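Visitor: Below you'll find the structure I mean.
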Amino acid sequence: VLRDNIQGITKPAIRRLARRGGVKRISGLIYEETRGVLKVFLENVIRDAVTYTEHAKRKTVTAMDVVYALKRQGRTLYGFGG
Amino acid sequence: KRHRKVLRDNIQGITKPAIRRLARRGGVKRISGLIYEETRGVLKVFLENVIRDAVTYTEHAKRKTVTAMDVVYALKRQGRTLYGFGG
Amino acid sequence: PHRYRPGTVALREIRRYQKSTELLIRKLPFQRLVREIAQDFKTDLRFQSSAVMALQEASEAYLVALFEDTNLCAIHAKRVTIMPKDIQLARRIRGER
Amino acid sequence: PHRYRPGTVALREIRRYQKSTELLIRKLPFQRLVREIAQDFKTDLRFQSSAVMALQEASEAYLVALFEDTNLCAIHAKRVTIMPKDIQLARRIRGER
Amino acid sequence: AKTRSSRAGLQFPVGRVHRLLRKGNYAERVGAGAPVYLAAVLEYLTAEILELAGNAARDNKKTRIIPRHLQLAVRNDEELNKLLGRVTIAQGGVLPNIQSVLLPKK
Amino acid sequence: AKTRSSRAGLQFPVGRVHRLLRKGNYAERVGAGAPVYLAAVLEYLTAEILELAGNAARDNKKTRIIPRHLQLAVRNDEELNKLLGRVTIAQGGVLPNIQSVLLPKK
Amino acid sequence: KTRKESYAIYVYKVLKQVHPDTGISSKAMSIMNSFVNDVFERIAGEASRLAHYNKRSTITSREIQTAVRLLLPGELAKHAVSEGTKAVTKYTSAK
Amino acid sequence: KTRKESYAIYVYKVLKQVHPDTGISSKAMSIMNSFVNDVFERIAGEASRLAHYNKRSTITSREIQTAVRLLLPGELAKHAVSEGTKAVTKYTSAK
DNA sequence: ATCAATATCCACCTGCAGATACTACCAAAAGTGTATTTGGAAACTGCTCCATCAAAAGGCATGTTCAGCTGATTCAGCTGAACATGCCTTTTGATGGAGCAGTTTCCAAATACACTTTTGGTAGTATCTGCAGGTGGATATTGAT
DNA sequence: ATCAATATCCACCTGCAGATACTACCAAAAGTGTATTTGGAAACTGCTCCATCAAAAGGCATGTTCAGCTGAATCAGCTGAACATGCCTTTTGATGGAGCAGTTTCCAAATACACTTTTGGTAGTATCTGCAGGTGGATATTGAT
Ligand SMILES: [Mg+2]
């Protein structure tokens, strides 16, 4: 049952997130759109994290690699160090 | 110095035509009558925030004159960096 | 023979999910998506457990909040149904576009 | 007796103002407004003239961008007329509230 | 020997704060009061949040503060919310809030 | 008797860039390559903008680059537009752009 | 093996003064720790900038003060400034 | 009559290189001057943090390099990295 | 209205994941006493440019008019919500091994210091030139018809 | 479509602002060279904690049904654009001093270095408990009628 990983982010999971955000009714096209948006988000953050990893001459992305990437992307996260 | 003129209601020097021009540069075709007061408000908040920080820099430096640089630094802090005035 | 009206369960879920804090995407699917994306940047990468967690926390926060602005955009256009345009308008005004 | 249809001068103006770069708020009025607000934070202050210019350049740049965003909000609503609600939607989404 | 914190009446480490400032390349030099001042401010802000998060714990019939309690504390206070307005608290969820036009009709 | 700039094949000033790195307290120490590499990046970016600004000047039949040309350069280039997405060029104006639905007829 | 520092115990001391019967989860304490580090960096960062703008080699409480004013919202700034000037007075007079 | 430094003559050299018959207004030069100072500060900052994160006391051309990859978008980063690498290589061999 | 299906509420119970407690420990900060280096307020004064006055250039305020936009009403049809569960993917837990992190080493490269030269700034007085803002004159756009 | 009122686009010109120029000079640069300090790569290695996978858990892909939302069509009322008109306010150019900013002296304060005292992170072993997750039954809510 060959399938892209992006599709692992399923309708019901996206629906749950919408719900937490106070969304009552959802157009069918939202699911593909959201996947698109999430992919760009992860790309931007991951790119920056990995860049930290490579710099530290490591092969493991550390939570601190992510935390720092989030900080410079203007999305400071609390609870994973730093 | 003898006497020092009272400043009041100056927000109103931001005239209806001047606000229409800015809308135009911003690509706006039609403007409801209520936009002008709303814009005056928004501008006032914008200026307060920038002037507070600018003036804070002034005072920290023990000066009485607000510099182009005080404003430039204030603008930077608030994520509205300006080029053309020394920064 | 008992059916709930459209939107009753929708409201019910809003209340439920606004009350909890668990992550709402399944850990595994998300972990694969992360690794796949990272592969285009460097191969043979390993990820701390907490690093994947941090990414999830941040992604879901991001997406939950974007659904707020999106919802406001739908409401602005006198609707109750979020549409791709609403996401688009939100991201444009946020300066993501 | 001759007349342009409403909207024709408006578009004329958009082309005109989008083509130029001069400040669109009158200098002195803007200057009083600065001095007023500042005085309310602190008395007996002076301003380098370029500091006023800096503020004016920033303020007009801020306001012109806000109107594009505002304009988008109207259009999203299937209108061509900007209203306070549009400015408000823009500023919420922008995270100015 | 008596800690600079106890001299300044503070639970927060004036010593450590001093050190961290030097090895931070913030400036060539560091005056003696700066870490005291800085440490007070951090203590202060810690207290405020802990107070409100405690209250938030109480409301929900709890004695152990969790992330959810820090989130409710921060986003229900105008000033804390603004200071932390580009910050995400892991495992905090959101404030219950539903747009009224989405409520069913009476 | 040779400057480091000529040694590195650069117009931009390596000495100056070295000096400014030290006084900016970015770290205890500054390696020898850093000002070289940075001065090169600086020079690259300024060349890139000047190229594009020059073209805007010429497209307007002008010989002297003014702020409007810098703005046309930056805003017309996807990458320079993002690098400077939170920056304002005094006297730059905006890009001509009227949204479709605003135009006459159908 | 290497000692990993934290503000965790000072946060904990302050918790007790404020709510002596109330505890704190690991995850919560981590968040509190982030918070302190964050605000630390924001304040120091601004103070650094201030010193530089004014061609000064030293970060003094005056810089931390102005830093606090610039960074903190209205009421929070005021109280923090007072706690700050307080702590320095108390520290000076103490022998 | 204190000496106010800028990047103006270097911007002018580079200007001559790319557009030999084109001049630049002093306001346009001011913005050019601001832009270099800006990018300088932004790269130096990222470099600064990066060093710290890696418990390094030295900012090398390696730090600048990552800062550039962090700060700039795709194609500008690729090309800026060439030109800086090129300059360092040519700097090393030139003594 | 009533009636019933189901969601929601509160109380009480219980095992253990996750909290607080603890002592050794030792190592590494933080504080204490001595000698050194350095920064920046105060005192003074040149001198830039800021505040504050009168004359000329044109943009603002206001009323009138009606074009066309907005927002109400209605309505057909399309589209997303709700629904039941076996089925397939995720979760939980069990176990080697990559690699990260701790440690020690030693040297290439960085800091420091001291003449030595070069250069980037300004200042004075001059000298050149792109173009903004005026004119008139030929072609597009717009709206009535 | 045709006519015509009005904006728009050229082209050509000309004063002059503001730009390029240059000659004198200099202080603060950058450069050069020699002495001394050390950061971090480099290399070995110990133990997390990470990928992998088998077994146990349980959330979701499915298609069917229709309530109720979205969006097109229509229209009246009225807001906001255009424009004419009278003139107030800003803009432009030319004359007094508050305060900035540049020099210097001088001590109050921060650095440094070495020393001696404690605190705070870990690990060890055990010590303790707040509450998530389950039960039961009473009551609220929603939807059918
Ligand atoms: Mg006032």
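Each chain in the structure tokens gets a letter, A, B, ..., in the order shown, and its residues are numbered from 1; ligands are numbered from 1 in order too.
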Which residues, written as a ChimeraX atom specification, have at least one atom at most 12 Å from stretch 59-63 of chain G, with only C-alpha atoms (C1' of nucleotides) counted and residues fewer than 5 positions away on the same chain left out?
Guide: /B:56-57,59-62 /E:18,21-22,24-41 /G:43-54,68-70,81,84-89 /I:39 /J:109-110
Visitor: Residues contacting ligand 1 - anything with an atom at most 10 Å away, using only C-alpha atoms (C1' of nucleotides) and all ligand atoms - can you give me those as a ChimeraX atom specification?
Guide: /B:6-10 /D:33,35-43
Visitor: Take chain G, lay it over chain H with a least-squares fit on all the Cα atoms in order, then hand it over as a compact mmCIF listing (two decimals) with N, CA, C and O atoms, in the first residue's frame.
Guide:
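Writing the result to part.txt gives the following:
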```txt
# COMPACT_ATOMS: atom_id res chain seq x y z
N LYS G 1 33.89 67.47 13.61
CA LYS G 1 35.38 67.32 13.66
C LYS G 1 35.79 65.84 13.67
O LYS G 1 36.66 65.43 12.89
N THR G 2 35.16 65.05 14.55
CA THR G 2 35.51 63.64 14.67
C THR G 2 35.20 62.91 13.37
O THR G 2 34.15 63.13 12.75
N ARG G 3 36.14 62.07 12.94
CA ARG G 3 36.05 61.35 11.67
C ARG G 3 34.87 60.39 11.67
O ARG G 3 34.78 59.50 12.53
N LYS G 4 33.96 60.58 10.72
CA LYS G 4 32.78 59.71 10.60
C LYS G 4 32.96 58.68 9.48
O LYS G 4 32.80 59.00 8.30
N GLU G 5 33.32 57.45 9.86
CA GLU G 5 33.53 56.34 8.92
C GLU G 5 32.27 55.92 8.16
O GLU G 5 31.15 56.21 8.57
N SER G 6 32.49 55.18 7.07
CA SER G 6 31.45 54.81 6.12
C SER G 6 32.02 53.73 5.22
O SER G 6 33.23 53.65 5.06
N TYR G 7 31.15 52.91 4.62
CA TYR G 7 31.58 51.97 3.57
C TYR G 7 31.52 52.63 2.20
O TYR G 7 31.86 51.98 1.20
N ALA G 8 31.12 53.90 2.16
CA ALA G 8 30.80 54.63 0.92
C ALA G 8 31.79 54.48 -0.25
O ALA G 8 31.36 54.28 -1.40
N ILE G 9 33.09 54.57 0.02
CA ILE G 9 34.10 54.47 -1.06
C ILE G 9 34.29 53.07 -1.63
O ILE G 9 34.53 52.92 -2.84
N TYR G 10 34.20 52.06 -0.77
CA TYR G 10 34.23 50.67 -1.22
C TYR G 10 32.98 50.32 -2.03
O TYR G 10 33.07 49.63 -3.06
N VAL G 11 31.83 50.79 -1.57
CA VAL G 11 30.61 50.65 -2.36
C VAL G 11 30.85 51.27 -3.74
O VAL G 11 30.50 50.67 -4.77
N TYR G 12 31.48 52.45 -3.75
CA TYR G 12 31.73 53.21 -4.97
C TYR G 12 32.72 52.49 -5.88
O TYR G 12 32.56 52.48 -7.10
N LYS G 13 33.74 51.87 -5.30
CA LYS G 13 34.69 51.11 -6.10
C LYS G 13 33.96 49.98 -6.79
O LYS G 13 34.12 49.78 -7.99
N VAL G 14 33.14 49.27 -6.03
CA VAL G 14 32.38 48.13 -6.57
C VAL G 14 31.35 48.56 -7.64
O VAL G 14 31.14 47.85 -8.62
N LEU G 15 30.73 49.72 -7.44
CA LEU G 15 29.83 50.28 -8.44
C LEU G 15 30.51 50.35 -9.79
O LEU G 15 29.97 49.89 -10.79
N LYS G 16 31.72 50.91 -9.80
CA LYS G 16 32.46 51.12 -11.04
C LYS G 16 32.79 49.82 -11.79
O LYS G 16 32.62 49.76 -13.00
N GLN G 17 33.22 48.79 -11.06
CA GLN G 17 33.44 47.47 -11.65
C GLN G 17 32.16 46.96 -12.31
O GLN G 17 32.19 46.35 -13.38
N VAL G 18 31.04 47.24 -11.68
CA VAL G 18 29.78 46.66 -12.10
C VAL G 18 29.10 47.50 -13.18
O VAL G 18 28.51 46.96 -14.10
N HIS G 19 29.20 48.82 -13.05
CA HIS G 19 28.57 49.74 -13.99
C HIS G 19 29.44 50.98 -14.10
O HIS G 19 29.14 51.99 -13.46
N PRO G 20 30.52 50.93 -14.92
CA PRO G 20 31.52 52.02 -14.89
C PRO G 20 30.97 53.40 -15.30
O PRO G 20 31.51 54.41 -14.85
N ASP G 21 29.90 53.44 -16.09
CA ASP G 21 29.26 54.71 -16.50
C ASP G 21 28.12 55.21 -15.58
O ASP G 21 27.46 56.21 -15.89
N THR G 22 27.88 54.50 -14.47
CA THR G 22 26.73 54.79 -13.61
C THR G 22 27.15 55.41 -12.28
O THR G 22 28.13 54.97 -11.68
N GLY G 23 26.41 56.44 -11.84
CA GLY G 23 26.67 57.19 -10.60
C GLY G 23 25.66 56.84 -9.52
O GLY G 23 24.83 55.96 -9.69
N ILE G 24 25.72 57.54 -8.40
CA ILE G 24 24.88 57.21 -7.27
C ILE G 24 24.59 58.44 -6.43
O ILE G 24 25.51 59.20 -6.10
N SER G 25 23.32 58.64 -6.09
CA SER G 25 22.90 59.79 -5.28
C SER G 25 23.39 59.63 -3.83
O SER G 25 23.71 58.52 -3.39
N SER G 26 23.47 60.75 -3.11
CA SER G 26 23.81 60.70 -1.69
C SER G 26 22.88 59.76 -0.96
O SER G 26 23.34 58.82 -0.32
N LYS G 27 21.57 60.03 -1.08
CA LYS G 27 20.56 59.24 -0.39
C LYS G 27 20.72 57.75 -0.71
O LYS G 27 20.72 56.91 0.19
N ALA G 28 20.91 57.42 -1.99
CA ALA G 28 21.18 56.04 -2.35
C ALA G 28 22.41 55.48 -1.64
O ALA G 28 22.40 54.36 -1.17
N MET G 29 23.47 56.27 -1.54
CA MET G 29 24.69 55.75 -0.95
C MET G 29 24.52 55.49 0.55
O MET G 29 25.04 54.51 1.11
N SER G 30 23.78 56.38 1.20
CA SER G 30 23.41 56.21 2.59
C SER G 30 22.70 54.85 2.78
O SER G 30 23.09 54.06 3.64
N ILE G 31 21.69 54.58 1.94
CA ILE G 31 20.97 53.30 1.96
C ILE G 31 21.88 52.10 1.78
O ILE G 31 21.76 51.10 2.49
N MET G 32 22.80 52.19 0.83
CA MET G 32 23.79 51.15 0.62
C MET G 32 24.65 50.96 1.86
O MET G 32 25.08 49.86 2.18
N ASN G 33 24.88 52.05 2.57
CA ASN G 33 25.72 51.97 3.74
C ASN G 33 24.96 51.25 4.86
O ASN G 33 25.50 50.32 5.48
N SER G 34 23.70 51.64 5.07
CA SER G 34 22.80 50.94 6.00
C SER G 34 22.83 49.45 5.73
O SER G 34 23.15 48.64 6.62
N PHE G 35 22.54 49.11 4.47
CA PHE G 35 22.55 47.73 4.03
C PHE G 35 23.78 46.93 4.50
O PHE G 35 23.63 45.85 5.11
N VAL G 36 24.98 47.47 4.23
CA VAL G 36 26.21 46.79 4.62
C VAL G 36 26.26 46.61 6.13
O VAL G 36 26.47 45.48 6.63
N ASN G 37 26.02 47.69 6.87
CA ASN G 37 26.00 47.63 8.34
C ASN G 37 25.00 46.64 8.89
O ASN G 37 25.31 45.90 9.84
N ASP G 38 23.81 46.62 8.30
CA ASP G 38 22.77 45.71 8.69
C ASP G 38 23.25 44.28 8.51
O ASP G 38 23.32 43.51 9.48
N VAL G 39 23.62 43.93 7.28
CA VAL G 39 24.02 42.56 7.00
C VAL G 39 25.24 42.20 7.82
O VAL G 39 25.32 41.08 8.35
N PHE G 40 26.18 43.13 7.96
CA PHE G 40 27.29 42.91 8.88
C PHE G 40 26.80 42.40 10.25
O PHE G 40 27.18 41.30 10.69
N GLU G 41 25.94 43.20 10.90
CA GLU G 41 25.40 42.87 12.23
C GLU G 41 24.67 41.53 12.25
O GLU G 41 24.88 40.72 13.17
N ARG G 42 23.83 41.28 11.23
CA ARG G 42 23.10 40.02 11.17
C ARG G 42 24.06 38.82 11.10
O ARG G 42 23.92 37.83 11.82
N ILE G 43 25.05 38.92 10.23
CA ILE G 43 25.98 37.82 10.12
C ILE G 43 26.84 37.67 11.38
O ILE G 43 26.88 36.59 11.93
N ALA G 44 27.49 38.74 11.83
CA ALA G 44 28.28 38.67 13.06
C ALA G 44 27.45 38.13 14.22
O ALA G 44 27.91 37.24 14.96
N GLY G 45 26.22 38.66 14.35
CA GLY G 45 25.32 38.28 15.44
C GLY G 45 25.05 36.79 15.49
O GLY G 45 25.15 36.14 16.56
N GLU G 46 24.72 36.23 14.33
CA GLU G 46 24.53 34.80 14.21
C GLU G 46 25.81 34.03 14.53
O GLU G 46 25.77 32.98 15.20
N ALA G 47 26.95 34.53 14.07
CA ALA G 47 28.20 33.82 14.28
C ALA G 47 28.53 33.78 15.75
O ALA G 47 28.90 32.72 16.27
N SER G 48 28.38 34.93 16.42
CA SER G 48 28.50 35.02 17.87
C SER G 48 27.66 33.92 18.54
O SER G 48 28.21 33.06 19.27
N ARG G 49 26.35 33.94 18.27
CA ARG G 49 25.47 32.92 18.77
C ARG G 49 26.05 31.52 18.54
O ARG G 49 26.18 30.74 19.49
N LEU G 50 26.46 31.20 17.31
CA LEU G 50 27.03 29.88 16.99
C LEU G 50 28.19 29.50 17.88
O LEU G 50 28.22 28.38 18.42
N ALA G 51 29.13 30.43 18.02
CA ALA G 51 30.30 30.20 18.87
C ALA G 51 29.84 29.83 20.26
O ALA G 51 30.16 28.74 20.76
N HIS G 52 29.03 30.70 20.87
CA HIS G 52 28.45 30.42 22.18
C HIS G 52 27.78 29.06 22.27
O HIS G 52 28.11 28.28 23.18
N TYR G 53 26.88 28.73 21.35
CA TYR G 53 26.20 27.42 21.41
C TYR G 53 27.19 26.30 21.52
O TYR G 53 26.94 25.31 22.20
N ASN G 54 28.33 26.46 20.86
CA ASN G 54 29.32 25.41 20.81
C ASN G 54 30.53 25.61 21.70
O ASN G 54 31.61 25.07 21.42
N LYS G 55 30.34 26.38 22.78
CA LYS G 55 31.38 26.64 23.77
C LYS G 55 32.73 26.87 23.09
O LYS G 55 33.67 26.10 23.28
N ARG G 56 32.80 27.91 22.26
CA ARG G 56 34.03 28.29 21.58
C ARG G 56 34.27 29.78 21.75
O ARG G 56 33.33 30.58 21.77
N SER G 57 35.55 30.15 21.83
CA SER G 57 35.91 31.52 22.14
C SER G 57 36.18 32.32 20.88
O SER G 57 36.34 33.54 20.94
N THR G 58 36.19 31.64 19.73
CA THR G 58 36.62 32.25 18.49
C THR G 58 35.55 32.23 17.39
O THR G 58 34.85 31.24 17.20
N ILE G 59 35.45 33.35 16.67
CA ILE G 59 34.70 33.43 15.42
C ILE G 59 35.67 33.25 14.25
O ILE G 59 36.51 34.13 13.95
N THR G 60 35.54 32.08 13.61
CA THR G 60 36.35 31.66 12.48
C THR G 60 35.45 31.66 11.28
O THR G 60 34.24 31.70 11.44
N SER G 61 36.04 31.57 10.10
CA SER G 61 35.29 31.59 8.85
C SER G 61 34.20 30.50 8.80
O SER G 61 33.17 30.66 8.14
N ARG G 62 34.42 29.39 9.49
CA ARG G 62 33.41 28.36 9.62
C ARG G 62 32.13 28.92 10.26
O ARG G 62 31.01 28.57 9.85
N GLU G 63 32.28 29.79 11.25
CA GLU G 63 31.13 30.44 11.86
C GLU G 63 30.46 31.41 10.90
O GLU G 63 29.25 31.37 10.73
N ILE G 64 31.25 32.27 10.26
CA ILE G 64 30.69 33.18 9.25
C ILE G 64 29.97 32.41 8.15
O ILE G 64 28.93 32.86 7.66
N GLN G 65 30.52 31.24 7.79
CA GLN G 65 29.94 30.40 6.75
C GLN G 65 28.55 29.89 7.13
O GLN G 65 27.57 30.17 6.42
N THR G 66 28.47 29.19 8.26
CA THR G 66 27.21 28.70 8.78
C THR G 66 26.24 29.85 9.01
O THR G 66 25.04 29.74 8.68
N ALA G 67 26.75 30.95 9.57
CA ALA G 67 25.98 32.18 9.69
C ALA G 67 25.35 32.56 8.34
O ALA G 67 24.13 32.81 8.27
N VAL G 68 26.16 32.57 7.27
CA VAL G 68 25.66 32.98 5.95
C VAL G 68 24.58 32.02 5.45
O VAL G 68 23.57 32.45 4.87
N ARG G 69 24.77 30.74 5.70
CA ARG G 69 23.82 29.74 5.29
C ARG G 69 22.46 29.97 5.96
O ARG G 69 21.44 30.03 5.28
N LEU G 70 22.49 30.13 7.28
CA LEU G 70 21.30 30.39 8.10
C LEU G 70 20.55 31.68 7.73
O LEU G 70 19.34 31.71 7.79
N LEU G 71 21.28 32.72 7.34
CA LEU G 71 20.69 34.03 7.08
C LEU G 71 20.27 34.30 5.66
O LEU G 71 19.29 35.00 5.43
N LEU G 72 21.05 33.81 4.70
CA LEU G 72 20.77 34.10 3.29
C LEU G 72 19.82 33.06 2.65
O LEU G 72 19.84 31.86 3.00
N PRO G 73 18.95 33.54 1.75
CA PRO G 73 18.10 32.66 0.98
C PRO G 73 18.92 31.81 -0.01
O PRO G 73 19.87 32.31 -0.62
N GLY G 74 18.53 30.53 -0.16
CA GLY G 74 19.09 29.60 -1.15
C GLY G 74 20.19 30.05 -2.10
O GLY G 74 21.38 29.84 -1.83
N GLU G 75 19.82 30.64 -3.23
CA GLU G 75 20.81 30.96 -4.27
C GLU G 75 21.85 31.98 -3.81
O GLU G 75 23.05 31.82 -4.04
N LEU G 76 21.37 33.02 -3.13
CA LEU G 76 22.24 34.07 -2.59
C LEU G 76 23.27 33.49 -1.61
O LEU G 76 24.44 33.85 -1.64
N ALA G 77 22.82 32.56 -0.75
CA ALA G 77 23.70 31.88 0.19
C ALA G 77 24.81 31.16 -0.55
O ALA G 77 25.98 31.31 -0.21
N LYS G 78 24.43 30.40 -1.57
CA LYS G 78 25.40 29.60 -2.29
C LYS G 78 26.49 30.48 -2.88
O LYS G 78 27.69 30.27 -2.62
N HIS G 79 26.09 31.50 -3.63
CA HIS G 79 27.07 32.35 -4.30
C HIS G 79 27.97 33.03 -3.31
O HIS G 79 29.20 33.01 -3.46
N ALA G 80 27.37 33.60 -2.26
CA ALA G 80 28.10 34.26 -1.17
C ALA G 80 29.11 33.34 -0.50
O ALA G 80 30.23 33.77 -0.19
N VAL G 81 28.71 32.09 -0.26
CA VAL G 81 29.61 31.09 0.31
C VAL G 81 30.78 30.82 -0.63
O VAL G 81 31.94 30.70 -0.19
N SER G 82 30.49 30.76 -1.93
CA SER G 82 31.57 30.51 -2.84
C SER G 82 32.49 31.74 -2.88
O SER G 82 33.70 31.58 -2.76
N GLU G 83 31.94 32.95 -2.94
CA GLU G 83 32.81 34.15 -2.92
C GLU G 83 33.64 34.23 -1.65
O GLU G 83 34.72 34.80 -1.65
N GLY G 84 33.11 33.63 -0.59
CA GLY G 84 33.71 33.69 0.72
C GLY G 84 34.87 32.74 0.81
O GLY G 84 35.95 33.16 1.17
N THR G 85 34.64 31.47 0.48
CA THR G 85 35.72 30.46 0.44
C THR G 85 36.80 30.84 -0.59
O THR G 85 37.99 30.55 -0.39
N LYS G 86 36.37 31.48 -1.67
CA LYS G 86 37.29 31.92 -2.71
C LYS G 86 38.28 32.87 -2.08
O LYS G 86 39.47 32.58 -2.04
N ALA G 87 37.75 33.97 -1.55
CA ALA G 87 38.56 35.04 -0.98
C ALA G 87 39.57 34.56 0.07
O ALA G 87 40.63 35.17 0.20
N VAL G 88 39.23 33.50 0.81
CA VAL G 88 40.11 32.98 1.86
C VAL G 88 41.23 32.12 1.28
O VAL G 88 42.39 32.25 1.68
N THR G 89 40.89 31.26 0.32
CA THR G 89 41.89 30.56 -0.47
C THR G 89 42.91 31.59 -0.99
O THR G 89 44.06 31.59 -0.55
N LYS G 90 42.45 32.49 -1.86
CA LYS G 90 43.30 33.50 -2.50
C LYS G 90 44.19 34.24 -1.51
O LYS G 90 45.37 34.47 -1.77
N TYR G 91 43.63 34.58 -0.36
CA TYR G 91 44.35 35.27 0.69
C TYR G 91 45.44 34.40 1.33
O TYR G 91 46.52 34.92 1.64
N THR G 92 45.16 33.11 1.56
CA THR G 92 46.13 32.21 2.20
C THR G 92 47.38 32.00 1.36
O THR G 92 48.51 32.23 1.81
N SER G 93 47.16 31.55 0.12
CA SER G 93 48.22 31.31 -0.84
C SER G 93 49.09 32.54 -1.11
O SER G 93 50.32 32.42 -1.22
N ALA G 94 48.47 33.72 -1.22
CA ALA G 94 49.22 34.98 -1.32
C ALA G 94 50.12 35.15 -0.09
O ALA G 94 49.71 34.88 1.04
N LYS G 95 51.36 35.57 -0.34
CA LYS G 95 52.43 35.58 0.67
C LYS G 95 52.25 36.64 1.78
O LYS G 95 51.14 37.09 2.08
```
Visitor: Counting only C-alpha atoms (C1' of nucleotides), what is within 9 Å of residue C:50, bar same-chain residues fewer than 2 positions away, as a ChimeraX atom specification?
Guide: /A:62-63,80 /C:47-48,52-55
Visitor: Nearest to chain D among B:5, B:78, B:54, B:23, with distances taken over only C-alpha atoms: which residue is it?
Guide: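 The closest residue to chain D is B:23.
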Visitor: If we count only C-alpha atoms (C1' of nucleotides) and set the cut-off at 9 Å, which residues sit around residue B:70, ignoring sequence neighbours fewer than 4 positions away in its own chain? Please answer as a list in words.
Guide: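 Selected residues are residues 53, 54, 55, 56, 57, 58, 66, 74 and 75 of chain B; 51 of chain D.
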Visitor: Store the residues picked out above, limited to N, CA and C atoms, as a CSV table (one decimal), in the first residue's frame.
Guide:
```csv
chain,number,residue,atom,x,y,z
B,53,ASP,N,10.2,54.5,22.8
B,53,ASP,CA,11.6,53.8,22.7
B,53,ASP,C,12.6,54.8,22.2
B,54,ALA,N,12.3,55.7,21.3
B,54,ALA,CA,13.2,56.7,20.8
B,54,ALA,C,13.6,57.5,22.0
B,55,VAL,N,12.6,58.1,22.7
B,55,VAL,CA,12.9,59.0,23.9
B,55,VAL,C,13.6,58.2,25.0
B,56,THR,N,13.3,57.0,25.2
B,56,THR,CA,14.0,56.2,26.2
B,56,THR,C,15.6,56.2,25.9
B,57,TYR,N,15.9,55.9,24.6
B,57,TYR,CA,17.3,56.1,24.1
B,57,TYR,C,17.9,57.5,24.4
B,58,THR,N,17.1,58.5,24.0
B,58,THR,CA,17.5,59.9,24.3
B,58,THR,C,17.9,60.0,25.8
B,66,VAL,N,16.3,64.4,20.7
B,66,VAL,CA,16.1,63.2,20.1
B,66,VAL,C,16.8,63.1,18.7
B,74,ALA,N,15.1,52.8,17.6
B,74,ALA,CA,13.8,52.4,18.2
B,74,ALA,C,13.2,51.6,17.1
B,75,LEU,N,13.2,52.1,15.9
B,75,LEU,CA,12.6,51.4,14.8
B,75,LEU,C,13.2,49.9,14.6
D,51,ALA,N,15.5,63.3,12.6
D,51,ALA,CA,14.7,62.4,13.4
D,51,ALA,C,13.2,62.4,13.1
```
Visitor: Using only C-alpha atoms and a cut-off of 10 Å, which residues of chain D sit close to chain C? Please list them as a PyMOL selection string.
Guide: chain D and resi 66+68-70+72-79+85-86+89-95
Visitor: Write the residues of the preceding selection, restricted to C-alpha atoms, as a PDB file, in the first residue's frame.
Guide:
```
ATOM      1  CA  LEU D  66      -1.183  48.351   6.227  1.00  0.00           C
ATOM      2  CA  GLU D  68      -2.411  46.850   1.043  1.00  0.00           C
ATOM      3  CA  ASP D  69      -3.155  44.294   3.733  1.00  0.00           C
ATOM      4  CA  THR D  70      -6.431  46.114   4.487  1.00  0.00           C
ATOM      5  CA  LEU D  72      -6.758  42.428   0.623  1.00  0.00           C
ATOM      6  CA  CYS D  73      -9.122  41.980   3.561  1.00  0.00           C
ATOM      7  CA  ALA D  74     -11.902  43.927   1.849  1.00  0.00           C
ATOM      8  CA  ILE D  75     -11.383  41.964  -1.397  1.00  0.00           C
ATOM      9  CA  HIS D  76     -11.514  38.718   0.593  1.00  0.00           C
ATOM     10  CA  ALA D  77     -14.958  39.864   1.724  1.00  0.00           C
ATOM     11  CA  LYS D  78     -15.995  40.366  -1.890  1.00  0.00           C
ATOM     12  CA  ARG D  79     -15.933  44.158  -1.457  1.00  0.00           C
ATOM     13  CA  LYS D  85     -13.183  45.993  10.151  1.00  0.00           C
ATOM     14  CA  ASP D  86     -10.656  45.327   7.380  1.00  0.00           C
ATOM     15  CA  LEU D  89      -8.582  42.013  10.676  1.00  0.00           C
ATOM     16  CA  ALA D  90      -5.188  42.957   9.248  1.00  0.00           C
ATOM     17  CA  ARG D  91      -3.819  44.097  12.542  1.00  0.00           C
ATOM     18  CA  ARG D  92      -5.058  41.024  14.437  1.00  0.00           C
ATOM     19  CA  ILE D  93      -3.564  38.646  11.921  1.00  0.00           C
ATOM     20  CA  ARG D  94      -0.333  40.706  11.853  1.00  0.00           C
ATOM     21  CA  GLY D  95      -0.054  40.086  15.579  1.00  0.00           C
TER      22      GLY D  95
END
```
Visitor: Return the neighbours of chain B among the residues of chain J, cut-off 10 Å, counting only C-alpha atoms (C1' of nucleotides), as a PyMOL selection string.
Guide: chain J and resi 79-81+98-100
